[PDB]
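Shown next as structure tokens: one chain only, the form deposited in one PDB entry.
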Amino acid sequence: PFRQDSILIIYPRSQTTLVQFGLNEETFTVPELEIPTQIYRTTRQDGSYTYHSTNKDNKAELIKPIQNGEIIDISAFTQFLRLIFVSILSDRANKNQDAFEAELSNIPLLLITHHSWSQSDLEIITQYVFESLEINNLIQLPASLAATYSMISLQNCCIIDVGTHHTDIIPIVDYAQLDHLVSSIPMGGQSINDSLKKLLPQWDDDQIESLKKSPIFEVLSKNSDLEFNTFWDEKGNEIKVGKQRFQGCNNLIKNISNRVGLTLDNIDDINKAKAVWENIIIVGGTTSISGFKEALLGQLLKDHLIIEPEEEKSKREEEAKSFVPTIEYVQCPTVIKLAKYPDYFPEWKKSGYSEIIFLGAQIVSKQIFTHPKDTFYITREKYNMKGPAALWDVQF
């Protein structure tokens, strides 16, 4: 144990699910498999359910198991995992045919979880992985920790994970996710869309979405020099736009910031707190919008930095006209910083770090699965003894 060919990482999210089977060994590659997170559920007279990849003869209903990051249908969710897992087996079993003795003989699974999943959901998933998929080794890695492990392993930090309809804020102290501080706001990328609809009434949804995803949309805090600029439709249609391309991100940025502030203010050990504020981690699709992260930082500074009020400072400098020492405050944060990205994953640098949580998982899985110690995953041994409850003896 274990073959690197064999490591399987799954990262399921509301819209899609990133998947990878086998680690490259030279450098880590950005996940190439992206499967939409949904399954079809046919209902068979007599009550029971059947699950397929396609609307079978238009008889099945379309189930989207994960919504706003939460599992809303645990049965369709487990069926969706099986569907992924089986597909991978078939694919490899064709290509190579001796696969069941090699690449498919011992498949350890790392499943990236979301803060919102029940213990009940996590146990059921564990049961499913050991009983239905007949897999033997499982790590359930929280998304937040994947984040901090990718980010050159930070003991103290805050994860701001911007989704489409919600943003999660998750403080990490001493490599532990602080559950009672964790929260999400019902606000994300779509907010930008919505802000823009108000500013550009005569546009439609696809036009607005296209602007957001275009080279000329940025958050300010040379394109910025031009009054108007140009970009091209999804359907090739050229669209011109004024100052609106520097708008629409503000309401979201303010909401996130207000939340970050209330959160970090409830970290009880001020020495931990100082560290967290100095390692803000921002992740998610939205964050790839040029200027966004820096704009968000800018706002956290504007709202939360402990520093002398400018008027007060200006008086003191007039007074000294007749050198001014710095006023020291008892509060934190006096320093706010974004955590430093690792620049030595070439493939990741190339594609941006909106999905860096996955790199977290590539690193953890290699660590854990290419070393003897079985301290951080459930094994068959353990499953046989405690069952799904085995899960809680290997939490991080």
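Each residue number is its position in the shown sequence, starting from 1. Each form is matched to the other, and the largest set of C-alpha atoms that superpose within 1.5 Å is called the rigid core.
Missing coordinates between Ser322 and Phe323 amount to 10 or more residues of the deposited sequence. Going from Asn258 to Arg259, you skip over nothing: the modelled chain follows the deposited sequence without a break.
For the two regions 334-342 and 63-71, the entry's Cα B-factors average higher over 63-71. Between 22-30 and 43-51, it is 43-51 that carries the larger average Cα temperature factor according to the deposited entry. Going by the entry's values, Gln97 shows the largest Cα B-factor out of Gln97, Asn251, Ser183, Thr287. Highest CA B-factor among the listed residues (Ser153, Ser224, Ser120, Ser195): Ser224. When the CA B factors of the chain's modelled residues are split into thirds, the value for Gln362 lands in the lowest one.
Ranked against the other modelled residues of its chain, the C-alpha B-factor of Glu317 as given in the entry falls in the highest third. Sorting the modelled residues of the chain by their CA temperature factor places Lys274 in the lowest third. Split the chain's modelled residues into thirds by C-alpha temperature factor. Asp303 is in the lowest one. Per the deposited record, the Cα B-factor of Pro142 falls in the lowest third when ranked against the other modelled residues of its chain.
Here the subject shifts to the form deposited in another entry, a form of this protein not shown in this document.
The only C-alpha among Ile72, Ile270, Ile152, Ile307 that moves by 2 Å or more between this form and the one not shown, given a superposition on the rigid core, is that of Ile152.
After superposition on the rigid core, the Cα atom of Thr43 is displaced by less than 2 Å between this form and the one not shown. Taking the rigid core as fixed, one finds a CA shift for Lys337 smaller than 2 Å between this form and the one not shown.
In this overlay on the rigid core, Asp57 has a C-alpha that sits 2 Å or more away from its partner position between this form and the one not shown. If you compare C-alpha positions, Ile336 and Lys350 are 3 angstroms or more closer together in that other deposited form than in the form on display. In summary, the C-alpha positions of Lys349 and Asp168 converge in that other deposited form, ending up at least 3 angstroms nearer each other than in this conformation.
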